[PDB]
Amino acid sequence: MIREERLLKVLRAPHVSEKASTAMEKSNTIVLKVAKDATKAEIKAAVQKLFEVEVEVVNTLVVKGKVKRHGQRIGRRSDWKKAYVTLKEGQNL
Amino acid sequence: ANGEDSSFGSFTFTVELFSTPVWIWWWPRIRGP
Amino acid sequence: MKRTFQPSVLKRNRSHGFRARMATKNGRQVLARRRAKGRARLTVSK
RNA sequence: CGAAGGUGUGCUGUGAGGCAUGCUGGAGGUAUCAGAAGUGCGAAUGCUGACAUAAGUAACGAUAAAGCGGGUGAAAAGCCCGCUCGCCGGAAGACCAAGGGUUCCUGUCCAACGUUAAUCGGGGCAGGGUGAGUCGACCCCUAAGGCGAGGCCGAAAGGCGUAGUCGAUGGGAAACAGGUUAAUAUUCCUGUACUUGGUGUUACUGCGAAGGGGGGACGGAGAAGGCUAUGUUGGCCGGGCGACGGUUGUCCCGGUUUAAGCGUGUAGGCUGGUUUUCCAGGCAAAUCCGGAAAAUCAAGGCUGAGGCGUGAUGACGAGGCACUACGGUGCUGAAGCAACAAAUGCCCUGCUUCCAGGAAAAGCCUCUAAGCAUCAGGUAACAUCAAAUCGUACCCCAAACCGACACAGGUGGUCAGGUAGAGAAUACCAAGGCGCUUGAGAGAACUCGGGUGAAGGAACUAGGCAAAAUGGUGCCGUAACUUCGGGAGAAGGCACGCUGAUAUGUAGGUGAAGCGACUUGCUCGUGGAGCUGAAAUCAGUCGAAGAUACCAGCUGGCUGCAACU
RNA sequence: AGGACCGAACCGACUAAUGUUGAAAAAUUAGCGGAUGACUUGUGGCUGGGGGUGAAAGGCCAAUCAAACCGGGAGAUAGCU
RNA sequence: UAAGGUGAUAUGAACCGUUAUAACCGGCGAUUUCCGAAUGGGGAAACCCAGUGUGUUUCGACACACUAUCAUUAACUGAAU
């Protein structure tokens, strides 16, 4: 059983994009930014507890940060993990 | 309307200079051996 | 034509990587000199 | 209210020099007399930076090939769209690896970059995009190898190595069809699937080793057969009816697909089997293996392409039909097969031969040992739960890798359509992808790479260098010499096209039905429809020519030296 | 059957021209040799400098070889410019 | 010790404080990710694979500790014998 503190840590933010909107509207899937070390089970438990919805399955991927330049400064954005959370029949935010 | 960019990421062209010693053959031009 | 550098990450790490340096005392001195000089990158490891 | 420094002008001394004030500048500088010097440059193939010269000179990167009409914008040979025209097509098309690393997709911009312009961009700048129990990685296991507790050596430093431990380039469980975005797929979705464990339950049962025996698990070459991808032809269905003679017809043009899995068990290939008794073998020991007998059946079992059924009344599908931003979107959907010829793919790690005699372990399967024993465990069913983490964009024979370059160079594997063709040679095409990031003119010498030439014909040159020439198949024929294999395609000749007949298709191959049989079905004979289809021969016919292109041996002699590859 | 034969890929490299501030610090084009082997290619590993490795050429050892490269001795020394 | 602050480029937003507990500095603490002697085993440094306990569990799982080698010392048992 995962601790509540852990659940409160793993979810970072909802991902807003045209692919995310389409996924929610077609396949009833929510897209989240999650902690880079969060597992699928942790994400499932966190969603089920903090959003009071029922989760079918979670798909995850790691997004690699892009290398931008601030003038003459080579700088790299940090990596982050994205979760594709498929809800059974509930409705979320 | 969209905004003219002036960041000019590649305005630091710098540029250096280099060369390579080439190979040559002077044997027939030798006045000797 | 075929040039001298044929990249291969595995061989690069096995030949010049951090754990390759640490395995012998001469390699450990290579790290010592590079730390003393203040290199940002000690080895080819990345 | 004008310091140094510059930039000027005058004046003055033998000079190095000094002095004055015009301007710029904007904040410092210093008579004298002593003292110390990083104290004086034009050169060192000095050093570092700037700017010259040639000089608007060479070039602008494969001679695959373009021309219109638009759009856009401030502007277009190069961007885009359309229409024609060239080029690659066992590649210049894909798909990946390695390596790279966001180049991917989209919107803005035009400075710099792109060997030209650029409105464009792999440029800048931003935003999005990589979704997995089954694909990999990780992980189970091992090879070459590396390391290696102790150990044995070595002035130290260290070396070697046992138990071990890592280490793939190799063995170990499992998913496929349709649809999806501007960019993601066996990952999303939809349909159909499979694997490995756990945990219970219910039955039923001997379970149990870093230990034993099997397995994994294995060479090259050659010959089959049985097939299938893949084509081709008909049938069928959906249309058409001809910019100019014709053309409702052996007329034209398209479509004709369908998977894992689950059954069923065959062209093959291989071994006979079953009990009983026993043992100088397998750390010891075993019921596994190895050995020795006997009896009875030999007809028992394994393996294995393909096909077939289901999956699938599903999906897809030529086309329509609407809408519309003309991007594109939705909707509906006809036929959906057969014959012949089939690989370098499979059966096949098969089979046969050979000498050079062809990994390792684990998973796997069994046997027991110490032990455990009414348990534990095992086995089967049945639910239930878990299969994490990581990577998935894009390039990948190249403008994304290796070569400093958007460099005519290199770079492992996979796929392989048609017509000619022995062919993965080669010509032209298909799918696809391109026209090579400077162009427009003139049409000098000379250069480069080609074409053709009168009479001659090696006279050229150091020298036949280079060019030209030969070439293909069948058939006839072939010299010395020999190490009997060679030489030898020796040398030299001849025939090649089309049409018609034989026979509007013959020989051959493939083989429907039918007809029987049975040990009666993925059967076997016997028959034969159809289908494909040489090799000729004989007669005509045409051009100057029939291996009519591309493609493709020049030949013979005499001598040196090395046997040869 | 064959260190057989012809001939694609593949691996090489005899000749000619061109290129010589190249398209390239050895290529391109046209021919050429082999192409079931003493064959080629991938991925790892292994041998180190007076050393390796070599079907031999003083070949090769990261466009570097009668002795690799990097740093120290070291401001070696130079009756020479 | 204070009327000013919240590190900077890089400002802004959002705020905080005003004898005093804003900020800031001194002493003393806590927390302190992963690698790296790295030390639970490997490893192509910063990763993979753990075991053993002790709890918890909403039954899927979770949490926390420990586990390198060597020397010495003690205990235990202890080959050929």
Side-chain angles (χ1 to χ4, degrees), chain A residues 1-7 9 15-45 48-49 55-77 79-86, chain B residues 1-25, chain C residues 1-37 41-46:
Chain A
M1 232 227 334
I2 340 262
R3 331 185 272 187
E4 197 194 320
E5 38 255 43
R6 186 57 182 141
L7 296 206
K9 299 291 180 68
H15 191 32
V16 161
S17 67
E18 69 275 16
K19 176 150 199 263
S21 315
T22 299
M24 185 45 189
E25 190 276 331
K26 300 294 187 291
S27 66
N28 193 56
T29 290
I30 301 299
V31 176
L32 277 296
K33 309 199 208 313
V34 311
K36 184 178 184 293
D37 70 350
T39 61
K40 302 206 199 193
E42 268 155 32
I43 291 152
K44 197 199 199 163
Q48 267 174 336
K49 182 175 174 66
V55 176
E56 182 65 26
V57 75
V58 177
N59 289 17
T60 59
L61 73 165
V62 171
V63 180
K64 280 73 176 175
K66 293 187 286 185
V67 177
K68 261 73 188 327
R69 295 180 67 251
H70 209 276
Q72 293 82 17
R73 299 291 179 90
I74 301 299
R76 183 178 182 271
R77 305 241 182 91
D79 288 351
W80 64 287
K81 183 174 307 203
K82 197 158 64 203
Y84 277 99
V85 192
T86 288
Chain B
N2 31 76
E4 189 47 70
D5 21 276
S6 60
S7 121
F8 286 170
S10 303
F11 216 4
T12 6
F13 24 82
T14 70
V15 140
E16 29 82 67
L17 198 43
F18 122 101
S19 253
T20 292
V22 316
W23 65 274
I24 15 236
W25 201 56
Chain C
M1 293 182 286
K2 185 177 180 180
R3 298 305 181 191
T4 66
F5 186 52
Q6 300 318 312
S8 165
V9 175
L10 175 56
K11 309 182 64 173
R12 179 177 208 61
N13 291 356
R14 298 225 191 111
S15 296
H16 314 298
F18 176 96
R19 293 178 64 87
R21 298 297 200 221
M22 294 299 291
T24 67
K25 65 90 176 179
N26 284 306
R28 263 177 262 121
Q29 300 177 354
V30 172
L31 287 170
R33 292 189 296 272
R34 277 177 91 81
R35 256 185 271 260
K37 169 142 172 183
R41 284 177 290 281
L42 294 174
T43 73
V44 308
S45 277
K46 68 182 271 293

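Just the heavy atoms: all of them, side chains too, but no hydrogens, waters or symmetry mates, feed the values below. Lettering follows sequence order; numbering is per chain, from 1.
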Hey, does [X] reach any base, or is it just sugar-phosphate, or nothing, if we go heavy atoms under 4.0 Å?
| X | value |
| --- | --- |
| A:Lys81 | sugar-phosphate |
| A:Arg6 | nothing |
| B:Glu4 | sugar-phosphate |
| C:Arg14 | sugar-phosphate |
| A:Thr60 | sugar-phosphate |
| A:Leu61 | sugar-phosphate |
| B:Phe13 | sugar-phosphate |
| A:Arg77 | sugar-phosphate |
| B:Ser10 | base |
| A:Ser17 | sugar-phosphate |

With A:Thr29, the side-chain hydrogen bond (donor to acceptor under 3.5 Å, both in side chains) member among A:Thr22, A:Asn59, A:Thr86: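 For A:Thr29, the side-chain hydrogen bond (donor to acceptor under 3.5 Å, both in side chains) check succeeds only for A:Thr86.
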Tell me whether B:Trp23 and E:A26 count as stacked here, given that the ring centres must be under 5.5 Å apart and the planes must differ by less than 30 degrees.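 Here B:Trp23 meets both the 5.5 Å and the 30° conditions.
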Ring centroids of B:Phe18 and D:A404 base under 5.5 Å with planes under 30°: no
Quick one: which of E:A26, D:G127, D:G158 gets closest to the side chain of C:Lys25? D:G158
Given E:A26, D:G410, D:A111, identify the nucleotide with an atom nearest to the side chain of C:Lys2. D:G410
Using Watson-Crick (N1 to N3, and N6-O4 or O6-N4) or G-U wobble (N1-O2, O6-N3) distances under 3.5 Å, do D:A539 and D:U499 pair?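 Under the 3.5 Å cut-off on both distances, the two nucleotides are paired.
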Taking 3.5 Å as the limit for both distances, would D:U548 and D:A31 pass as Watson-Crick or G-U wobble partners?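 Not paired: D:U548 with D:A31 fails the WC/G-U check at 3.5 Å.
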Looking at A:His15, I'd like to know whether one of its side-chain N or O atoms comes within less than 4.0 Å of OP1 or OP2 on D:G129. yes
Is any side-chain heavy atom of C:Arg28 less than 4.5 Å from a side-chain heavy atom of C:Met22?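 They are in side-chain contact.
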Going by side-chain hydrogen bond (donor to acceptor under 3.5 Å, both in side chains), name the residues that satisfy it together with A:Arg76, two or more places apart in sequence or in a different chain.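 A:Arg76: side-chain hydrogen bond (donor to acceptor under 3.5 Å, both in side chains) contacts with A:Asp79.
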